[PDB]
Structures are given as C-alpha cells and as structure tokens.
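Asks: Below is the structure I would like to discuss, written out as structure tokens.
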Amino acid sequence: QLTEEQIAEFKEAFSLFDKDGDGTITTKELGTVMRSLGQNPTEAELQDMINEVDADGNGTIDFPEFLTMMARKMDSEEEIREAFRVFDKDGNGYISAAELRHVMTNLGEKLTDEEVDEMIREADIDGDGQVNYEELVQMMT
Amino acid sequence: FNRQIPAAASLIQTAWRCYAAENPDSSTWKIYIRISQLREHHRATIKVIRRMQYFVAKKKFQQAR
Ligand SMILES: [Ca+2]
Ligand SMILES: [Ca+2]
C-alpha cells in the first residue's frame, strides 16, 4: 500500500523544510528548522542526517528522497534488540527499571524521567521493576 | 571503552522517541521547552527530524560493530 493522503501530508512536511521552494532540502535549511525548535545541532549532525536520506549522494534531499525516508517501516528489530543486549548484564532478557532509567537519562540522547516512565510503564508485565525489553522491541515494531 | 555503549543507547532512545511521537499526548513532547505552545506545524517537522535521527543512530550502531 502506497498511501495518497500521506503524500499530501508529506508534501506539506517537505515544504516546512524547503523554505526556498527550489524542491531541495539543504543542511542550512535543516538546521534552520532544528534551531527554531530550540535545538543547537552541529554540521556533523546535519550532514549525517542528510547523508542518511540523500540516496543519490548529491548532498541535498529532494522530495522523492523525502518520500522514501517517510515511506520506510521498521527487520530493524534485531538491531534494536542487540542494542538492548549491550545493557542486559545478566543476559536474562531483562533490565532493571533503575538501570534502564540510569542509562537512558545519562547516555546518548538523555531521555527525561517521564519519557523513561513511559517505557517502564509500557513493558513491566510483572510490576516488580524488571523491564522485559523484548516487549519494547515489539511495541515499537 | 566500548564505543557500542553510547551508540546502543542512542539507537534505543531515538527509536523510542520516534515511536512515542505517534502519540500526540506522550510525555516525549514536553521536552521542547523553548516553544510557548506546540502547533501542528511544529509536530510535522519534529516527526521528520526524529525519523532522521533514528536513521543516523541506526547507522552509527552498525558502524561501531
Ligand atoms: Ca531549498
Ligand atoms: Ca538528493
């Protein structure tokens, strides 16, 4: 299924990034949007974001490349699963809510406590603080 | 000391933040402090930005391995 209401929404979404109207998203325009939202990204971050979507390597993002990027779904579930394993010390398939919150809020992108709560509230099964992270891999996919 | 530990974290957070954003009422929306009120044009660009960040965090994880 290749939706059509979605193409419209994506058209509108592309426009917010392509201030020009020249049919192209450049890193400058992408940092313009991010900075307006309160983010201070580095051009290494901006270029990495363009590189992931710029499928023809010409250094910018045109609308069909945008479409591809939005049109993707998530198997990326084994990479996420492997990501969790890096923190499953016991190899049990579990991470303690205390350890989850600790690595989530202090490494990488640094989630907020409420954000982490939503994770814990979503995948506890047993209400004893043992986060079944296969349930998360499953919820996000 | 394990370049995978930071990358694995960023893959989970960005994947989660990408998933959580489909809920308009998730607490993951509360982080944009410097916005006086989230309009729906903010949400469109945030969804796009968060999908890009996940792709970057996806690739960075595979590279550390
Ligand atoms: Ca442009
Ligand atoms: Ca291009």
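Note that each Cβ is placed from the backbone with ideal geometry, even for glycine, and that neighbours are counted across all protein chains shown. Numbers and lists here come from the model and the stated rules, or from a named source; none is laboratory data.
Asks: I'd like the residue in the range A:50-66 that is away from ligand 1 (no atom under 16 Å from the Cβ) and either in a helix (DSSP H, G or I) or among the β-branched types (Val, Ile, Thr) (or both) and, out of all such residues, is nearest to residue B:62 (Cα to Cα).
Replies: A:52
Asks: Another question, then. Looking at the structure I just gave you, is residue A:121 within 22 Å of the chain's Cα centre (by Cα), outside the structural domain of residue A:39 (by TED's automatic domain parsing) and within 24 Å of residue B:52 (Cα to Cα)? Step through it out loud before you land on a result.
Replies: On the way: within 22 Å of the chain's Cα centre (by Cα): yes; outside the structural domain of residue A:39 (by TED's automatic domain parsing): yes; within 24 Å of residue B:52 (Cα to Cα): no.
Considered against the rule, which asks whether it is within 22 Å of the chain's Cα centre (by Cα), outside the structural domain of residue A:39 (by TED's automatic domain parsing) and within 24 Å of residue B:52 (Cα to Cα), residue A:121 comes out as no.
Asks: Also: Restricting to the range A:1-25, what's the tally of residues that are within 15 Å of ligand 2 (Cβ to nearest atom) and either over 24 Å from residue A:73 (Cα atoms) or not β-branched (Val, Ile, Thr) (or both)?
Replies: To start, the set of residues in the range A:1-25 that are within 15 Å of ligand 2 (Cβ to nearest atom) comprises A:14, A:17-18, A:20, A:22-25.
With either over 24 Å from residue A:73 (Cα atoms) or not β-branched (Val, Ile, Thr) (or both) added as a condition, the list becomes A:14, A:17-18, A:20, A:22-23.
Within the range A:1-25, residues that are within 15 Å of ligand 2 (Cβ to nearest atom) and either over 24 Å from residue A:73 (Cα atoms) or not β-branched (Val, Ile, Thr) (or both) number 6.
Asks: Checking residue B:57 against (1) within 13 Å of the chain's Cα centre (by Cα); (2) small (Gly, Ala, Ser); (3) at the interface with chain A (Cβ under 7 Å from one of its Cβ atoms), which test does it fail?
Replies: (3)
Asks: With the checklist (1) crowded, with 17+ Cβ neighbours inside 10 Å; (2) more than 11 Å from every other protein chain (Cβ to nearest Cβ); (3) within 16 Å of ligand 1 (Cβ to nearest atom) in hand, flag the one item residue A:19 doesn't pass.
Replies: Status for residue A:19: all satisfied but (1).
Asks: Restricting to the range A:85-108, name every residue that is assigned to a loop (DSSP other than H, G, I, E, B), out of contact with any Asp or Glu (no Cβ under 7 Å at 6 or more places or on another chain) and surrounded by fewer than 18 Cβ atoms within 10 Å (Cβ to Cβ).
Replies: If the condition is that a residue be assigned to a loop (DSSP other than H, G, I, E, B), out of contact with any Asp or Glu (no Cβ under 7 Å at 6 or more places or on another chain) and surrounded by fewer than 18 Cβ atoms within 10 Å (Cβ to Cβ), then A:88, A:89, A:90, A:91, A:92 are the ones that fit.
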